[PDB]
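Read through the structure below, which is laid out as structure tokens, and then see the notes.
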Amino acid sequence: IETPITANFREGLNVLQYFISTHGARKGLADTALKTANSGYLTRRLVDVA
Amino acid sequence: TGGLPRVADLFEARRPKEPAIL
Amino acid sequence: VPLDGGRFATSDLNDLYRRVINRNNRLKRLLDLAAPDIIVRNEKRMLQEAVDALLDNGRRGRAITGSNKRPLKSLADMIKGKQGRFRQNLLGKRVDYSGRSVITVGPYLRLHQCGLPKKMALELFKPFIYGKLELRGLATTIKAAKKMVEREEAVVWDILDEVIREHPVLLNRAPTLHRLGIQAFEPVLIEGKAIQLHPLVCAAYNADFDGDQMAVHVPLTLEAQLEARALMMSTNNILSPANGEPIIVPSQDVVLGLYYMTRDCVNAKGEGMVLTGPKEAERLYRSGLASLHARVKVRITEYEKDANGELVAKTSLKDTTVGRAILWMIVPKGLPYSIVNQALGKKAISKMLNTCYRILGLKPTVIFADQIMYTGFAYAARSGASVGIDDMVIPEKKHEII
Amino acid sequence: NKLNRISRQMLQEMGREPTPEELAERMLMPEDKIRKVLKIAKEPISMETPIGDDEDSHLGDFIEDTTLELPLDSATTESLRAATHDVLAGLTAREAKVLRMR
Amino acid sequence: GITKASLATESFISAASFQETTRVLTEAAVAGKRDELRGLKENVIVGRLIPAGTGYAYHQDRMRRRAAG
Amino acid sequence: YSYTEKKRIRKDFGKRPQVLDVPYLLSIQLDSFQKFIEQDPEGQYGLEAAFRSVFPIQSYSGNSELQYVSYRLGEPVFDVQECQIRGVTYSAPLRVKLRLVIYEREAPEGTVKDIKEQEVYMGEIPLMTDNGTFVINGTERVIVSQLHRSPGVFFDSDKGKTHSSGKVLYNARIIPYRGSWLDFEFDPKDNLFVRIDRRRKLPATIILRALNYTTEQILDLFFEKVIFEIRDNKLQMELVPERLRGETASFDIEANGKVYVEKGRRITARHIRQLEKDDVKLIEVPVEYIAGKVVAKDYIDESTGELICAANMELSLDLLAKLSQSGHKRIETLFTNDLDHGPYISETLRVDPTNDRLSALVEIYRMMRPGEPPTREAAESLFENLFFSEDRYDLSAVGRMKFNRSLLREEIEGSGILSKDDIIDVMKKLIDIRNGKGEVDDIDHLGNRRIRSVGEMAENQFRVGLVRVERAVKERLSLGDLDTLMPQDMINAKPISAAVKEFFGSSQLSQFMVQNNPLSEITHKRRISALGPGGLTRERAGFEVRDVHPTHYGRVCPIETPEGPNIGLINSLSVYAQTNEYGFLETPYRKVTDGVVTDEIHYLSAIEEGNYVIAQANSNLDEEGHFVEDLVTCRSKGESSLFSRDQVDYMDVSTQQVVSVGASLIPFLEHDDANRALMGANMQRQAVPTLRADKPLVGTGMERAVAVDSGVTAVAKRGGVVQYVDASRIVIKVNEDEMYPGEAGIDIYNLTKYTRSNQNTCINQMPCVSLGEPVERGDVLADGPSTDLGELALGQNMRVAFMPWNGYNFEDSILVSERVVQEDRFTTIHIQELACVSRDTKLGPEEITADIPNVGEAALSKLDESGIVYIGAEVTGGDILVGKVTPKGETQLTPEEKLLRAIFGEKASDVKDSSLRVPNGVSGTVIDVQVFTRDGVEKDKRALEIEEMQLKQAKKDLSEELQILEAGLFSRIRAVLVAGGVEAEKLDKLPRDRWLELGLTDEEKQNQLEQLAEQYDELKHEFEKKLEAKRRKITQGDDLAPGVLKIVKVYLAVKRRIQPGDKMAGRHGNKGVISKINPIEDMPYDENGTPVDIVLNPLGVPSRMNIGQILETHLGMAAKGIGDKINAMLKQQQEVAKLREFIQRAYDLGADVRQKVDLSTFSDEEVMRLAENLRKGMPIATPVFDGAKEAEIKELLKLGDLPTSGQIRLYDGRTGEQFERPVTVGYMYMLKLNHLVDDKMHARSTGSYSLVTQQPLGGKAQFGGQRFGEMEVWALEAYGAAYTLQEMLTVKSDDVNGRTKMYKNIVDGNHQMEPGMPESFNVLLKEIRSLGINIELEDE
Ligand SMILES: CO[C@H]1/C=C/O[C@@]2(C)Oc3c(C)c(O)c4c(O)c(c(/C=N/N5CCN(C)CC5)c(O)c4c3C2=O)NC(=O)/C(C)=C\C=C\[C@H](C)[C@H](O)[C@@H](C)[C@@H](O)[C@@H](C)[C@H](OC(C)=O)[C@@H]1C
Ligand SMILES: [Mg+2]
Ligand SMILES: [Mg+2]
């Protein structure tokens, strides 16, 4: 987004900044929760081949 | 590209989409 | 086999086997009656479908079990599964002599031990307690021993310390990745229902305290005790097998202590004076005379083994601070004073442990690591580090940059 | 079959369904046999029946073995022989013989 | 590739674990293949000492006893 | 300012005035079910509507019709309380009036006789609790509202990934509310395809034929007509001057005696202008341009009567001749442009195997039901039953609306099935998008996402019941005998009843009310789910739908969602959000006309909000409400920017409306990272109630609304003065303005006392008012669990210090002072329900008798003669709650056991001990016992005593009602008698019962005395019938399961306090597990000598970015200051003047806040009570995004006497020496979640075993061992440990032999293993050998 977050946590975030921040959090959590599965599958194939 | 899926492609030997020739 | 309320339950194979028999028997009958071809043919096909459904169901019509929509499980599906076989696949069979609970810190522990709840140890070692109780003659027979531990008589607690003493236990966390996910510890009896785990290992398990749970396993056979002690023991794996760097590296609270310890401010109590040795350096600090960080020359004795397998000694006046002076008391023998003379960040504090291992060997490094943890926590508590709202300083030029 | 049939008219006529002893008066027999008859009539449930979580956890996995013998007992059997066999050597040779006989 | 190379394993009991069970059993049962153990995966299934680590002394000593007299 | 507000008032920072106050939070749940079950004289959703669809039901062609009149809901069999204990469902009988008409054979339709069968009973439909919950079997259950794809047509893309050639695709999907799916889709060759449901793909045109459309009409519908004239000789042509745009001239083009353009010059704006203004209709064209042109209609040869060319065939120079000599003047061809109008449909016909209607109908029927032979009636019937049948297909109203709306129609309502116009129109629009004109929708938009709810969902299931009974109903009227059977003998109960029961009982949307906590409840009843029937699945979707969408603003909470397998698949409803009239989600807004901000509220749906320009919740306006700045931050369509003073159409109602009740309770949320904020609102629902309901010291201002809207508390029905206050009940004497004229009255609130929750917590109400206190309607009468004076307290705030303490706080670990456990404040009360069943076995019946083989008197002490533990006897592990014994005869013992009984002379009983005994380690007091008995088995002594006791207790309760009630009624009679014939002292002398005789002078007062008489006598009888019914319910033999003779349920109340291992967290997402419980001696204390309760590790603050937990601490300290300050002046007893002065100063705080305050309050009695409640601390309200600011916090700290830094110096209680640097100390609200350490803890040595595969299994609750996995096996394999691994999967688990051979060695003192073969593998051998496979173990 071409309008960054101009505030920080020591100050307050207004309605919009938080709402825009939400996607980053949710996509972060989702990516990791999926990357958890990816890692496991990888180790499986690896230990199977060795 | 890059990341964890990149590792999996390497260990899987997978031929890229538009490869070169030697 | 029967169930509660007098109702019965049985495997699906019966429904399948029964069918194959009936149809088969019917066909046998249909031979002695000389039926027309069109019928006996139909009966044979019906028999064929039943046998197939019995062996592996789903390769034809997927026959359904009586009164229930869900297809009846056939012999091939008992072996098969997700994935392959159920037997060895996750997961993978339940195991006796085990337990689990919420885990906590226990920084007092040495790196080779762990806090074990009293009740857990009682129920876990139950056969050992029975056998030791009647080895010394405190119980007439095995039955009387059962009633004793069931009564929880006061005399049994001392007997447990015997069977516990040299007898490692296996600790495991939920997402086992590398081999350090399971490590052996020496049990320490602890009041309370929580497991205490040496902080330095919390990194290897990747175990936070946000309510994560850990499992315990008892090594029954003698070979398992010596396997646990000589392989899976905590002290025998201090280094990641992935890369030679120590994985027992002090984590966070401990390292903030040592950073605050060996550091120096510009002006503090005792600046410039000189002391005979580290012993009287602590005497200066603890009494409140000198500040933890002040620049000071003190006589120290360092060591270099640079002879042939032989430790040389050297003494000098080193320019250092009060904190670094006190810390030197822990560093064993042949390490030079240069290693502790810096600010001791998390990066330097790991290479310290590494060098200590590659020089003095295993045993000196273990006892070393313990001391570092103990002193780190202690001094960190003294420091009174905190975080306030005024600890976060916003630039004065921010509004202008925006 | 006769029992199923009676419950139908009596289902809405009574507005709920007849009590366990209601069809009993409707039926010829001792009428307490309804309970007995009702038990054997049920079809057994598949032991492979999926239960909770759908996690391949199946009914049969939860059915414990009651005909086995726990070791905490079996241990006491091996012990009781050594107990009684010892205490019978503390007696006269005929008392052991007479007690082992009875 | 890693997933393809793991496909080929001498022990059929090992292959029957992570692969499709039906096909593995059939394809092996016709040829009368004789599984000698010798591996880890298979020894775990049957429940004896792993032919490595502490067990490596045992299996080694047994492997030589074989094809002898 | 109200009456419970005078007790305590929360200081509110924040500027923005609240224009609208939080509506009822349970709105959706209550409103929905309210529309379903009701008598509605029209098609509005409900039982009425679902009836009018399938009705009237006529038999098959027989002209025997059964129609539907009306329905009624009978009184519930049991009320909510009675229904829970016994275990039945809370339900009402459904009584529906039916009219059976029979038409005369064969006649003009008229009835011989019509019997109106009065209300045949079909099913009992469940009823919703006053709190919006259901009771299925003795257990409260909530049905979560669902979010699915709204019915209608939707045009999507599926760009990118397909075929990896790019080019995108465009597909349309018609999704009805009920009935088959109709899918249209393109392909890389631009050939239109159709598939019904998810079935086989089929060429689109085959449906037009099934609608009886021949090829000629297909070309005529989707394509324009190019008219060709043969005039003079060889082919002139009609020219629409616009057809030449985007194409190049194919021959010499000249008309109107002037050659405008020659061949090879593309047609731009120049050529088209000339032709239009010069009006060129007809030009002469060469014969070769039609070599590609497809002839539109059929053309035949008049003479030979033979077909020259079929429709949709490409003409050639030779073909024109053969149809020219036959006398054909006109040949129609297609207008085809690869940019504007594509020749797509034309190419679809060449792949169309059919010709006529029956052919297409056959190919459809053979597609849907293949393998079976097609039939004329079958093909015709199926296709008419798919999209054209009123039974099997509906889009309903919302579907039709979005359908018509997306097609740009006028009518917002229309037929509920598809029409030939409808299908055809959709196809045209899909082609228009592929042509470049128009755009595709997206599934994720909340205008295409529809919200169902309990009422609507139950209607669907009831509908299913009526259709599966419908097949039956027609079937019976088939063979029916004349006037013997009636509309009873046919319609059954179980068919309809099992449809509705199968829903509430085991439906993915029907689940246990999460009840350990009011917030958990209220956040469950407001919840959305895209799962379940008609929803997506976890595996299918798909990060697009899980993600937060711009339309979620004000509708779905962005930050309250699960952090598990399904993220963004649940969410929660926003605070002010409401379900739209059509079922969408709409939010409140303020209409801004011209430049003024108007306070009229307007509800806009997802599509409504689209076009308007909406201002921001935070903006500064003043006076008349003009925007102060000439430009303000706003969002209009999917984007946000600064907007001009007068452009804006609307403005946000409140600063909160984006979040949900859960997220809205986190103070200083604007200062916390969204990840940790989620976890906070996620964990806040897990807070177990506490022993002493406290209050939050730092807060938001929603807690009052959350407390009341959730049913945990008891709210005043009508205002008045409290007549009687007990810990049991509360009686309020109503004010006359609020009182009804008849019956007089008082409102009697019967409080809930200590009882079991679903989560095994304690739910107990306490009276918050004192004898004779004024309460006005809408006042808090009694707090529930975890509620204080009308606010919501989920825990207790306490003094916390941030500093590393000797490593005991290492990660998140928490170090708690002993002071906390001594005050018993974080103690929790658990109520567990244990059962004892006396069943029937083939060996014999089980006795509850107190005679148990081999047990002493110390065991039987706590038991009565009957075998049941006394009420109130405190018990510990192993004690017998209920004596139970089951027959096992003739044990057949062994030689040495036989000698043993012989020596010690005990008769070994023919009965075995099944008695229910207290589980190991759990310890509590028995607070209750229930005995359910089968009807016909004799109740034993104890069982009779309890029932008799319940009778007396029941009688007292009803009588208590009548006594206070009668006085309340007679007290009004006394007052009306005094109006016109007042005798004060004379009247109360004579007996009160002898009052009804006195009349009155002519007035309404004569009729008022009359009224109170009528209602009085009713009470005499209403009491009577109520008492009788209650008594019978006690005496009736409770119905049990088959085989169970009697059941004894014991209720234990365990009091667990706190110990190392419990999970605790703040509202800001900081978890922790109590590590050590430290003495007060070792606690850091300040110079004043007050120790600190908890020592948190500061290191958790920077990494996880939650800064509010620090602010909450700081402000908290300040709050406690104002308490301490007040606590000194009240203990000083200065006077009301000095105190009052100080309090006013606090509530202003320097400028520009919205709180206001006194001295409107009565200066003595009202003010002094408030100060007493503030001495614990001064409650402050920080609004969500409107919350306080640093300056105000620092300013409030000045009034506190406490430093601005918020940090002080602390001294270690051990060495007594100082701590370097100041440390932050304050008051943080902290919750105790229920993950409690003495639940999680399990240990097993040798337990039971599974039969099928011999493996550890807990049957006694000595739980089966920990599961040792594949990953764990690898961990052992990396180490060299072979023997540990063998013992792990052989002797310790799976070896049925090796385990016992081991156990015997462990007691003998020999550590070894004789492993054998695991039984798992031994079974696999038999399963393989059970097949035709011979598997052997060879060699040696
Ligand atoms: C009939 O419904 C069932 C299955 C539907 O099947 C299925 C496929 O369709 C689902 C729908 C439609 C959901 O809306 C759902 C859900 O909303 C949810 C979880 C995930 N639950 N968790 C599982 C446990 N875990 C340790 C934490 C996370 C789910 O799996 C599902 C779910 C399904 O999986 N979660 C939450 O909402 C949040 C964040 C908190 C939940 C609070 C409590 C804990 C639960 O409400 C308890 C009281 C029960 O209510 C459930 C267990 C239901 O079970 C019954 C007997 O009542 C279950 C929904
Ligand atoms: Mg950690
Ligand atoms: Mg964790």
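Residue names in the structure tokens use chain letters A, B, ... in the order shown, residue numbers from 1 in each chain, and ligand numbers from 1 in the order shown.
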*Which chain A residues are at most 9 Å from chain C (counting only C-alpha atoms), as a PyMOL selection string?*
chain A and resi 6+10+40+43
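Close contacts of residue 46 (chain E), defined as residues with an atom at most 12 Å away when counting only C-alpha atoms, with chain neighbours fewer than 4 positions off set aside, comprise residues 87 and 88 of chain C; 13, 14, 37, 38, 39, 40, 41, 42 and 50 of chain E; 1285, 1286, 1289, 1290, 1294, 1295, 1315, 1316, 1317, 1318, 1319, 1320, 1321, 1322, 1323, 1324, 1325 and 1337 of chain F.
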Would you output that residue set with N, CA, C and O atoms, as an mmCIF file, in the first residue's frame?
data_model
loop_
_atom_site.group_PDB
_atom_site.id
_atom_site.type_symbol
_atom_site.label_atom_id
_atom_site.label_comp_id
_atom_site.auth_asym_id
_atom_site.auth_seq_id
_atom_site.Cartn_x
_atom_site.Cartn_y
_atom_site.Cartn_z
ATOM 1 N N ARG C 87 -0.242 -49.695 11.872
ATOM 2 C CA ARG C 87 0.616 -50.207 12.929
ATOM 3 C C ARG C 87 1.777 -49.252 13.183
ATOM 4 O O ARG C 87 1.949 -48.758 14.302
ATOM 5 N N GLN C 88 2.598 -48.977 12.168
ATOM 6 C CA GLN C 88 3.771 -48.153 12.427
ATOM 7 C C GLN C 88 3.558 -46.678 12.116
ATOM 8 O O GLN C 88 4.276 -45.839 12.673
ATOM 9 N N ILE E 13 8.784 -55.279 3.179
ATOM 10 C CA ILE E 13 8.066 -54.868 4.379
ATOM 11 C C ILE E 13 8.252 -53.378 4.600
ATOM 12 O O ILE E 13 7.337 -52.686 5.066
ATOM 13 N N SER E 14 9.425 -52.852 4.240
ATOM 14 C CA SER E 14 9.648 -51.417 4.345
ATOM 15 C C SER E 14 8.778 -50.671 3.348
ATOM 16 O O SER E 14 8.168 -49.651 3.687
ATOM 17 N N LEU E 37 15.381 -58.886 6.122
ATOM 18 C CA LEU E 37 15.508 -57.781 7.077
ATOM 19 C C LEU E 37 16.703 -56.932 6.656
ATOM 20 O O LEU E 37 16.640 -56.324 5.573
ATOM 21 N N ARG E 38 17.759 -56.822 7.467
ATOM 22 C CA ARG E 38 18.984 -56.071 7.186
ATOM 23 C C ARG E 38 18.813 -54.561 7.299
ATOM 24 O O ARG E 38 19.809 -53.838 7.406
ATOM 25 N N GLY E 39 17.575 -54.069 7.296
ATOM 26 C CA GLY E 39 17.316 -52.653 7.390
ATOM 27 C C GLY E 39 16.712 -52.215 8.716
ATOM 28 O O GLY E 39 16.425 -53.000 9.615
ATOM 29 N N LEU E 40 16.504 -50.905 8.800
ATOM 30 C CA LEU E 40 15.916 -50.284 9.981
ATOM 31 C C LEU E 40 14.398 -50.402 9.977
ATOM 32 O O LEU E 40 13.809 -50.987 10.890
ATOM 33 N N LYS E 41 13.761 -49.842 8.945
ATOM 34 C CA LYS E 41 12.303 -49.787 8.862
ATOM 35 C C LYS E 41 11.675 -51.141 9.177
ATOM 36 O O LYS E 41 10.779 -51.252 10.021
ATOM 37 N N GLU E 42 12.163 -52.190 8.511
ATOM 38 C CA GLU E 42 11.618 -53.535 8.668
ATOM 39 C C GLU E 42 11.823 -54.083 10.076
ATOM 40 O O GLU E 42 10.910 -54.686 10.652
ATOM 41 N N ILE E 50 17.431 -52.688 16.410
ATOM 42 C CA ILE E 50 17.757 -51.967 15.180
ATOM 43 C C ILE E 50 19.153 -52.366 14.726
ATOM 44 O O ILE E 50 20.094 -52.360 15.542
ATOM 45 N N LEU F 1285 14.514 -48.566 22.025
ATOM 46 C CA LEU F 1285 13.488 -48.621 20.993
ATOM 47 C C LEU F 1285 12.759 -49.957 21.015
ATOM 48 O O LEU F 1285 11.529 -49.999 20.895
ATOM 49 N N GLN F 1286 13.496 -51.064 21.155
ATOM 50 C CA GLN F 1286 12.836 -52.363 21.215
ATOM 51 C C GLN F 1286 11.875 -52.422 22.393
ATOM 52 O O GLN F 1286 10.700 -52.768 22.235
ATOM 53 N N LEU F 1289 8.519 -50.387 21.764
ATOM 54 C CA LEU F 1289 7.454 -50.932 20.935
ATOM 55 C C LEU F 1289 7.212 -52.419 21.157
ATOM 56 O O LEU F 1289 6.413 -53.011 20.427
ATOM 57 N N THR F 1290 7.894 -53.046 22.117
ATOM 58 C CA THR F 1290 7.609 -54.453 22.363
ATOM 59 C C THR F 1290 7.120 -54.698 23.787
ATOM 60 O O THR F 1290 5.921 -54.897 24.000
ATOM 61 N N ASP F 1294 3.212 -53.499 23.176
ATOM 62 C CA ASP F 1294 2.498 -54.353 22.242
ATOM 63 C C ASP F 1294 2.661 -55.849 22.490
ATOM 64 O O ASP F 1294 1.928 -56.635 21.880
ATOM 65 N N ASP F 1295 3.582 -56.273 23.349
ATOM 66 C CA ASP F 1295 3.842 -57.697 23.539
ATOM 67 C C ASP F 1295 3.021 -58.231 24.704
ATOM 68 O O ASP F 1295 3.287 -57.907 25.865
ATOM 69 N N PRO F 1315 11.982 -60.410 24.750
ATOM 70 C CA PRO F 1315 11.066 -59.556 23.966
ATOM 71 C C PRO F 1315 9.917 -60.274 23.281
ATOM 72 O O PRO F 1315 8.765 -59.838 23.407
ATOM 73 N N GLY F 1316 10.180 -61.360 22.571
ATOM 74 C CA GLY F 1316 9.116 -61.913 21.764
ATOM 75 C C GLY F 1316 8.728 -60.981 20.621
ATOM 76 O O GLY F 1316 9.424 -60.022 20.284
ATOM 77 N N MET F 1317 7.584 -61.292 20.019
ATOM 78 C CA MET F 1317 7.077 -60.580 18.856
ATOM 79 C C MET F 1317 5.877 -59.714 19.202
ATOM 80 O O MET F 1317 4.914 -60.209 19.799
ATOM 81 N N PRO F 1318 5.907 -58.427 18.853
ATOM 82 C CA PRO F 1318 4.765 -57.550 19.140
ATOM 83 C C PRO F 1318 3.480 -58.079 18.523
ATOM 84 O O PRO F 1318 3.465 -58.540 17.381
ATOM 85 N N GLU F 1319 2.392 -58.004 19.292
ATOM 86 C CA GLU F 1319 1.131 -58.568 18.827
ATOM 87 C C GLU F 1319 0.577 -57.820 17.621
ATOM 88 O O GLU F 1319 -0.224 -58.392 16.874
ATOM 89 N N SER F 1320 0.977 -56.563 17.415
ATOM 90 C CA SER F 1320 0.501 -55.827 16.247
ATOM 91 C C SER F 1320 0.957 -56.538 14.986
ATOM 92 O O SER F 1320 0.152 -56.847 14.102
ATOM 93 N N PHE F 1321 2.262 -56.794 14.888
ATOM 94 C CA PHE F 1321 2.814 -57.494 13.735
ATOM 95 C C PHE F 1321 2.286 -58.919 13.633
ATOM 96 O O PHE F 1321 2.102 -59.430 12.523
ATOM 97 N N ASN F 1322 2.061 -59.578 14.772
ATOM 98 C CA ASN F 1322 1.530 -60.936 14.750
ATOM 99 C C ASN F 1322 0.124 -60.977 14.163
ATOM 100 O O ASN F 1322 -0.246 -61.968 13.522
ATOM 101 N N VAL F 1323 -0.657 -59.906 14.334
ATOM 102 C CA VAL F 1323 -1.974 -59.858 13.707
ATOM 103 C C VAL F 1323 -1.837 -59.594 12.216
ATOM 104 O O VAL F 1323 -2.553 -60.189 11.401
ATOM 105 N N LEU F 1324 -0.917 -58.706 11.832
ATOM 106 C CA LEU F 1324 -0.732 -58.421 10.415
ATOM 107 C C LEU F 1324 -0.418 -59.693 9.640
ATOM 108 O O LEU F 1324 -0.830 -59.834 8.482
ATOM 109 N N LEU F 1325 0.319 -60.620 10.257
ATOM 110 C CA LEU F 1325 0.586 -61.902 9.616
ATOM 111 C C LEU F 1325 -0.706 -62.653 9.318
ATOM 112 O O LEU F 1325 -0.899 -63.161 8.207
ATOM 113 N N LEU F 1337 7.907 -67.543 8.179
ATOM 114 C CA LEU F 1337 9.173 -67.086 8.733
ATOM 115 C C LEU F 1337 10.160 -68.225 8.524
ATOM 116 O O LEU F 1337 10.041 -69.285 9.149
#
_as a ChimeraX atom specification, please: every protein or nucleic acid residue near ligand 3 (cut-off 10 Å, counting only C-alpha atoms and all ligand atoms)._
/C:206-213 /F:812,1071-1072
Go ahead and save the picked residues with C-alpha atoms, as a PDB file, in the first residue's frame.
ATOM      1  CA  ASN C 206      12.022 -25.233  21.198  1.00  0.00           C
ATOM      2  CA  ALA C 207       9.707 -25.323  24.193  1.00  0.00           C
ATOM      3  CA  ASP C 208       8.163 -22.088  25.300  1.00  0.00           C
ATOM      4  CA  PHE C 209       6.262 -21.878  28.621  1.00  0.00           C
ATOM      5  CA  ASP C 210       2.959 -20.659  27.199  1.00  0.00           C
ATOM      6  CA  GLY C 211       1.362 -23.888  28.486  1.00  0.00           C
ATOM      7  CA  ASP C 212       3.238 -26.445  26.392  1.00  0.00           C
ATOM      8  CA  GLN C 213       3.230 -29.998  27.813  1.00  0.00           C
TER       9      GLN C 213
ATOM     10  CA  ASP F 812       6.807 -16.432  30.022  1.00  0.00           C
ATOM     11  CA  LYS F1071       0.628 -16.188  28.405  1.00  0.00           C
ATOM     12  CA  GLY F1072       2.363 -17.719  31.380  1.00  0.00           C
TER      13      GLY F1072
END
*Interface list for chain F, partner chain D, 6 Å threshold, only C-alpha atoms, as an NGL selection string*: :F and (1249-1251 or 1300 or 1304)
C-alpha atoms of the current selection, written as a JSON list (two decimals), in the first residue's frame:
[["chain", "number", "residue", "atom", "x", "y", "z"],
["F", 1249, "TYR", "CA", -5.35, -52.89, 27.37],
["F", 1250, "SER", "CA", -7.23, -52.67, 24.09],
["F", 1251, "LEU", "CA", -8.68, -56.02, 23.04],
["F", 1300, "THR", "CA", 4.19, -59.96, 32.24],
["F", 1304, "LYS", "CA", 7.83, -60.31, 37.30]]
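Counting only C-alpha atoms, residue 13 (chain B) has the following residues at most 10 Å away, ignoring those fewer than 6 positions along the same chain: residues 1, 2, 3 and 4 of chain E.
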Save the residues we just selected, C-alpha atoms, as a PDB file, in the first residue's frame?
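New file out_9.pdb:
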ATOM      1  CA  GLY E   1      14.494 -37.265  -7.095  1.00  0.00           C
ATOM      2  CA  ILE E   2      14.187 -37.841  -3.370  1.00  0.00           C
ATOM      3  CA  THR E   3      10.602 -39.075  -3.498  1.00  0.00           C
ATOM      4  CA  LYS E   4      11.359 -41.286  -6.504  1.00  0.00           C
TER       5      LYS E   4
END
_Nearby residues, ligand 2, 12 Å, only C-alpha atoms and all ligand atoms, as a VMD selection string_ = (chain C and resid 104 to 105 197 to 212 250 to 253) or (chain F and resid 809 to 813 1072 1099 to 1100 1103)
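A distance search around ligand 1 (6 Å at most, only C-alpha atoms and all ligand atoms) returns the following protein and nucleic acid residues: residues 507, 508, 509, 510, 511, 512, 513, 514, 529, 531, 532 and 562 of chain F.
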*asked:* Based on the backbone DSSP call, show me all residues of chain E assigned helix (DSSP H, G or I), as a ChimeraX atom specification.
replied: /E:2-5,12-18,21-31,40-46,53-65
When you get a sec, could you note down which chain D residues fall within 6 Å of chain C, using only C-alpha atoms, as a compact mmCIF listing (two decimals) with N, CA, C and O atoms, in the first residue's frame?
# COMPACT_ATOMS: atom_id res chain seq x y z
N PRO D 44 -26.24 -56.11 16.29
CA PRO D 44 -24.96 -55.62 16.82
C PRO D 44 -24.39 -54.47 15.99
O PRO D 44 -24.57 -54.41 14.78
N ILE D 45 -23.70 -53.58 16.67
CA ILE D 45 -23.08 -52.39 16.08
C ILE D 45 -21.68 -52.71 15.59
O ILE D 45 -20.90 -53.39 16.26
N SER D 46 -21.37 -52.20 14.40
CA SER D 46 -20.06 -52.42 13.79
C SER D 46 -18.93 -51.95 14.69
O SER D 46 -18.90 -50.79 15.10
N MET D 47 -18.00 -52.85 15.00
CA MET D 47 -16.90 -52.48 15.88
C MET D 47 -15.95 -51.49 15.23
O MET D 47 -15.10 -50.92 15.92
*asked:* I need the contact residues of chain A against chain B, so if you could list those with any atom within 12 Å, counting only C-alpha atoms, and return them as JSON, numbers by chain, that would help.
replied: {"A": [31, 32, 34, 35, 36, 37, 38, 39, 40, 41, 42, 43, 44, 45, 46, 49]}
*What residues in chain E lie within 8 Å of chain C, counting only C-alpha atoms, written as a PyMOL selection string?*
chain E and resi 16-22+45
Contacts from chain E to chain F, 8 Å maximum, only C-alpha atoms: show me the residue list as a compact mmCIF listing (two decimals) with C-alpha atoms, in the first residue's frame.
# COMPACT_ATOMS: atom_id res chain seq x y z
CA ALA E 29 3.98 -61.93 -3.40
CA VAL E 44 11.15 -51.76 13.75
CA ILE E 45 7.98 -53.42 12.43
CA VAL E 46 9.00 -56.89 13.63
CA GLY E 47 10.20 -55.52 16.94
CA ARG E 48 13.84 -56.51 17.31
CA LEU E 49 17.11 -54.67 17.75
CA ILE E 50 17.76 -51.97 15.18
CA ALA E 52 22.53 -49.87 14.01
CA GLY E 53 23.99 -48.24 17.10
CA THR E 54 23.86 -50.51 20.13
CA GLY E 55 22.29 -53.18 17.95
